[PDB]
Amino acid sequence: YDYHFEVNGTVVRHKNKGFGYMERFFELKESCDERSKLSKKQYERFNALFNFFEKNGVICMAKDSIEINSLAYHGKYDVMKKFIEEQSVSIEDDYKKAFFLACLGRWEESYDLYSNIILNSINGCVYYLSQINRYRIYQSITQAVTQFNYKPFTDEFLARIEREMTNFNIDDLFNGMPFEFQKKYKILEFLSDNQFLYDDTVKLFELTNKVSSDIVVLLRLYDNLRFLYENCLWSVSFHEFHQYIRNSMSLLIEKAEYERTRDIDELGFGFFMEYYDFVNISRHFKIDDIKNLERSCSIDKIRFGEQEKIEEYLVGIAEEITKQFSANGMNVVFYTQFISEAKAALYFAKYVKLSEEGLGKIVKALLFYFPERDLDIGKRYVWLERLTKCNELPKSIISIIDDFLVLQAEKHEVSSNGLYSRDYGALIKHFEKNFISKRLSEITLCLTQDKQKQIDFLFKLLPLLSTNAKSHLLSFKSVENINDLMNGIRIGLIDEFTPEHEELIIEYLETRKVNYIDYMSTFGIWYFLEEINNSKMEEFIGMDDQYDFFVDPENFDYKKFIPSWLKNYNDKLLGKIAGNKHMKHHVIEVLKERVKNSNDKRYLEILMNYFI
Amino acid sequence: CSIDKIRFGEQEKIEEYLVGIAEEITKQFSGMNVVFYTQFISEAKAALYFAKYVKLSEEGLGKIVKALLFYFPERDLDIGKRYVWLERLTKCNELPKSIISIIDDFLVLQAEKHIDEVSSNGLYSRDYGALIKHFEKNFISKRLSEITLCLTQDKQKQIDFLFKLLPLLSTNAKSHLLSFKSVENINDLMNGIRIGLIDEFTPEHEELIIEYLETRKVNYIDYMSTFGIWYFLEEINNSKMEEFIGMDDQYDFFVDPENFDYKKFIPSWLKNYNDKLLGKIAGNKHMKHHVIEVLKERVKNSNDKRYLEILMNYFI
């Protein structure tokens with residue numbers, strides 16, 4: 001505590017009452033003559049000290065860019081495998097090898113290498129750090145076994161490490177080292193502690209003040225990341241560090257959004273995201289955390305820099321996804337940690353502009369080689385649609401989606417979201433607007449009445465077929481009764497109501513009218529939407545409030561209106577109701593009354609975009 | 001958050017705590033402990049500020065108001081900040097006669113002060129008098145009337161300060177004040193209209209407005225927005241206001257909707273506006289679209305609930 005060493009690289013005298021040796025050192029650093037006056041051995045010692053202080057980002061005193069050198073941090077899995085394959089020349093090479101094995105999911109080999117280094121390492125700093133990391137990898141192996149209860153570790157190995165690590169105390173490790181080590185390496189004692197990021201987490205509270213701190217927080221986060229990755233420490237993978245990164249980045253982005261909002265309020269017209277920030281968010285955030293960030297702050301207003309580096313990182317993520325799942329691959333220990341980072345990276349790639357080739361690689365990996373368990377068809381479509389935000393759909397991505405749809409047809413869908421293969425075709429039709437699928441047409445030409453599952457699958461994908469394919473597909477389905485007509489309209493059998501469909505709807509409505517003493521609401525919606533021009537629906541008025549609310553609002557009694565109707569309405573229906581020039585003030589007043597009664601988010605959203 | 005609608009439990013314990021803080025404020029500032037002051041003044045200020053939402057008994061309210069007005073240092077609490085505190089206190093409990101008497105004594109002390117008033121938010125003792133007049137509009141400041149009776153023309157400070165507190169006086173007391181004080185500058189005209197002595201501007205008032213605008217114009221190469229509000233709400237028909245646009249953004253916004261570019265509009269302006277002119281802006285139809293856009297953007301990006309209630313009651 002003689003001096004303060006700040007995150008920006010400046011030194012400040014703090015507590016030493018003796019000579020200013022750091023100020024003196026900087027003075028020799030500035031001027032070569034004073035440096036030349038040193039003795040030869042002291043001159044070379046000063047050269048070593050200057051190299052150290054340059055490497056560690058210590059420049060000068062107060063009166064006078066992040067760069068992490070780690071293959072593990074940058075996700076260079078192939079280069080890490082190459083480094084592991086080669087023969088280690090030193091024990092520091094073995095330490096780096098054991099860290100790389102830990103990061104590649106090969107925890108048994110990592111534990112064996114750490115044990116070997118501990119054997120062959122008795123400064124004793126690599127010995128101490130291997131003891132730290134072997135305990136950490138032993139903790140990782142122990143917790144992975146509990147999660148899996150697949151047998152990725154043999155029971156012999158588990159029993160052997162349990163016997164080796166029984167009664168082992170990491171709290172005694174530093175105190176068991178020679179006192180020379182304990183004096184020289186007092187700064188490494190925190191690595192044996194259960195927690196080491198409490199100071200930073202408590203200091204994060206300054207990002208919540210509403211009355212620089214943010215740059216200090218970011219630089220300290222970069223310092224922690226560089227120390228834990230460049231020194232090959234396995235604590236960089238545990239929940240404490242990931243939680244610390246999540247908290248720091250989330251609070252920084254929320255603080256920047258708060259300053260942006262306050263300035264907009266007070267001035268009426270902040271956070272800069274770069275490659276390292278993108279990698280930190282991808283590796284440490286879950287999808288829920290990114291969703292919290294998106295809902296809390298406008299990430300679309302955050303400028304993304306170093307987009308070439310981010311694109312290269314995303315392409316590497318896609319390539320590793322392919323290598324993990326195109327071939328046998330499937331290191332379950334590595335896959336468990338890697339799939340979360342890949343999901344977060346592809347999810348966050350919505351805000352990053354991507355080149356055509358890189359976008360092609362990423363989209364291909366996402367559509368085909370991403371496991372269904374981690375990303376179902378609905379989540380996969382959500383990721384793709386997010387990818388279509390910054391960059392519109394080119395021809396190559398449309399072709400990749402076409403191949404995905406062809407593969408789906410050949411296979412023929414469990415979707416937690418509720419979006420299926422039809423939405424990919426809708427997305428294609430959104431941009432190309434005239435895309436016809438050659439192979440889908442070919443498989444329609446081979447379709448028969450036997451394979452009903454194919455028919456009921458790609459009847460939803462009808463706009464991507466040709467005229468002959470559409471005509472052939474239409475033959476296998478009948479529209480005899482009203483139920484068949486409703487199944488067709490929900491599946492897309494007909495897009496323009498024929499007069500016989502109108503007669504069928506009339507028959508259904510008359511039959512229900514006779515039996516007076518779900519479908520009717522849809523009929524009223526279609527009548528309002530000009531979908532049906534029968535001009536006869538007025539006789540079915542009186543039963544359902546929605547029916548007369550939709551067929552003719554002029555005579556509708558708005559005391560029978562339920563505000564919950566608007567929640568079920570879609571974008572097109574709400575926009576049409578807004579522009580009707582009738583019914584408008586009634587929905588305005590009912591929505592105003594609803595929101596004044598209770599600040600409901602969906603109702604305000606409806607009232608705000610289309611003004612209904 | 002609407003903290004006002006949140007109910008407060010243990011109102012008696014809260015009031016006892018508030019009265020204890022008021023008593024400590026009185027005791028400290030009369031020999032004080034400065035290092036204790038640093039920690040305690042923040043808590044006392046926050047408690048007095050947050051006491052807006054808590055029902056206070058008449059005796060406790062009296063003690064709290066007395067401490068806030070008299071013994072709260074001017075360094076921590078400006079006269080405008082102190083008025084804001086007191087006005088917040090009067091929100092939950094309408095100020096009784098004892099509170100009126102206490103703040104009247106504060107007013108007469110402030111009158112004695114001028115015998116030789118910095119507000120960060122521009123709210124002064126005339127506003128304490130206005131808060132007096134907002135309730136029981138039949139009230140007389142006897143001590144202030146006595147001060148008004150003995151007003152020689154040489155002691156300008158007392159008379160010019162007391163002219164702001166016109167409704168607090170009597171006819172006989174205000175006779176001497178009107179004998180000396182009269183509308184002669186733009187400041188006199190604006191504080192007179194805020195009192196309400198003259199409801200309709202004389203042409204000479206428009207002349208002073210135009211000459212003040214001309215002077216600040218020759219200075220070009222704070223009450224700018226008041227003239228814009230007067231032109232928008234057509235209390236000024238001089239029609240020469242259009243020759244001094246490009247001066248302040250609020251002025252440009254209010255004198256002309258179409259010529260005022262909407263990118264320099266400050267969304268926070270709508271919170272200062274009152275209900276009358278806020279409704280008038282909605283019906284103008286010449287600036288309705290851009291205030292609608294600003295309100296929507298603020299509902300999106302800001303957590304402030306004021307913008308939503310501005311949008312939905314007035315539909316600006």
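By the naming in the PDB entry, chain B is SIR2 family protein, taken from Bacillus subtilis. The title line of the PDB record says "Cryo-EM structure of DSR2 apo (partial) complex".

Looking at the PDB entry, one finds chain A named SIR2 family protein and attributed to Bacillus subtilis.

Visitor: Sorry if this is basic, but what is going on with the overall build of chain B here?
Guide: In terms of helices and strands, chain B carries 17 helices and 0 strands. Projected onto the principal axes, the alpha-carbon positions of chain B cover approximately 60 × 55 × 40 Å. For chain B, the proportion of its 316 residues judged to be buried stands at 45%. For chain B, the exposed surface amounts to about 16500 Å²; the carbon and sulfur share of it is 52%.

Visitor: Help me out: how do you make sense of the nonpolar core in this one?
Guide: Among the nonpolar cores identified, the biggest contains 148 residues, and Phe99(A), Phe304(A) and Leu314(A) are the most heavily contacted of them. Once residues lying within four places of it in the same chain are set aside, the contact partners of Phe99(A) are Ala72(A), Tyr114(A), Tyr229(A), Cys232(A), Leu233(A), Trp234(A) and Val236(A). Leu574(A), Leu233(B), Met241(B) and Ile292(B) belong to the second-largest nonpolar core, a separate cluster that totals 70 residues.

Visitor: Explain a nonpolar patch on the surface here, please?
Guide: Residue and element names in this part refer to chain A. A surface patch of nonpolar side chains, amounting to about 430 Å² of accessible area, comprises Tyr516, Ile517 and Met543. For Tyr516, the position within the fold is in the loop between α26 (499-514) and α27 (519-528). On the accessibility criterion, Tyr516 (55% relative accessible area) is exposed.

Visitor: Is there a simple way to think about the interface of chain A and chain B in this case?
Guide: Interfaces are frequently sized by the accessible area removed from exposure as the parts join. Between chain A and chain B, the residue contacts involve 18 residues of the former and 18 residues of the latter. Summed over both partners, the interface of chain A with chain B comes to about 1600 Å²; 63% of that surface belongs to carbon and sulfur atoms. Looking only at chain A, the three residues that lose the most surface to chain B are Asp265(A), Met608(A) and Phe611(A), adding up to 35% of its buried area. At the surface where chain A touches chain B, the tally comes to 1 salt bridge. A salt bridge links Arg298(B) to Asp265(A), with the nearest nitrogen and oxygen atoms 2.8 Å apart. Between the two partners, chain A and chain B, sit 6 residue pairs in polar contact. Among the elements of the structure, α13 (239-267), α31 (584-597) and α32 (601-609) of chain A are those that each provide at least two residues to the side of chain A that touches chain B.

Visitor: Can you walk me through helix α7 (residues 142-149) of chain B in this structure?
Guide: Every α-helix carries 3.6 residues per turn, so stepping three or four residues along brings you back to the same face. Residues and elements named next belong to chain B. Restricting attention to buried positions, one finds in α7 the residues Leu144, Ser145 and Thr148. Along the axis of α7, the buried positions cluster into a sector of 105 degrees, meaning they face one direction only. Taken together, the buried residues of α7 touch α5 (97-113), α8 (156-164) and α9 (171-180).

Visitor: Quick question: what am I supposed to make of helix α1 (residues 11-28) of chain B here?
Guide: Residue and element names in this part refer to chain B. The first and last C-alpha atoms of α1 sit 26 Å apart over 18 residues, in line with the 26 Å expected at 1.5 Å per residue. Burial in α1 covers these residues: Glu15, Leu18, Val19, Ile21, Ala22, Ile25, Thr26 and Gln28. The inward-facing, buried residues of α1 contact α2 (34-50) and α3 (58-71).

Visitor: Help me out: how do you make sense of unusual backbone geometry in this one?
Guide: Only a minority of non-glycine residues have a phi that is not negative, and only a minority of peptide bonds are not trans. For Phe269(A), which is not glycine, the phi dihedral falls at a positive 60 degrees. Assignment of secondary structure puts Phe269(A) in the loop between α13 and β4 (272-273). A positive phi angle, near 70 degrees, is found at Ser239(B), a position not held by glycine. Among the secondary structure elements, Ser239(B) is positioned in the loop between α12 (224-232) and α13 (249-255).

Visitor: So what exactly am I meant to see when it comes to the side chain of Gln110(B) here?
Guide: Within the secondary structure, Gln110(B) sits in helix α5. In this view, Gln110(B) contacts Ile79(B), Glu117(B), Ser125(B) and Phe161(B); residues no more than four positions away in its chain are not counted.

Rules used throughout
- Residues numbered from 1 in each chain as written, not as in the entry; some residues may be left out.
- Chains lettered and ligands numbered in written order.
- Part of a larger assembly, values for the part shown.
- Heavy atoms only, no water.
- Helix = DSSP H or I, 4+ residues; strand = E, 2+ residues; numbered from the N terminus.
- Buried < 20%, exposed > 50% of the residue type's maximum accessible area, 1.4 Å probe, protein only.
- Areas by Shrake-Rupley, 256 points an atom, 1.4 Å probe, with all protein chains shown as cover.
- Core = buried A, V, L, I, M, F, W, Y, C linked by side-chain atoms within 4.5 Å.
- Contact = heavy atoms within 4.5 Å.
- Patch = residues over 30% accessible without salt bridge, like charges linked within 9 Å, V, L, I, M, F, W, Y side chains within 5 Å.
- Salt bridge = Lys/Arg side-chain N within 4 Å of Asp/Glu carboxyl O.
- Buried area = accessible area lost by both parts, 1.4 Å probe.
- Polar contact = N/O pair within 3.5 Å; in protein donor to acceptor, adjacent residues only side chain to side chain.
- Arc of directions from axis to C-beta.
- Expected span 1.5 Å × (residues − 1).

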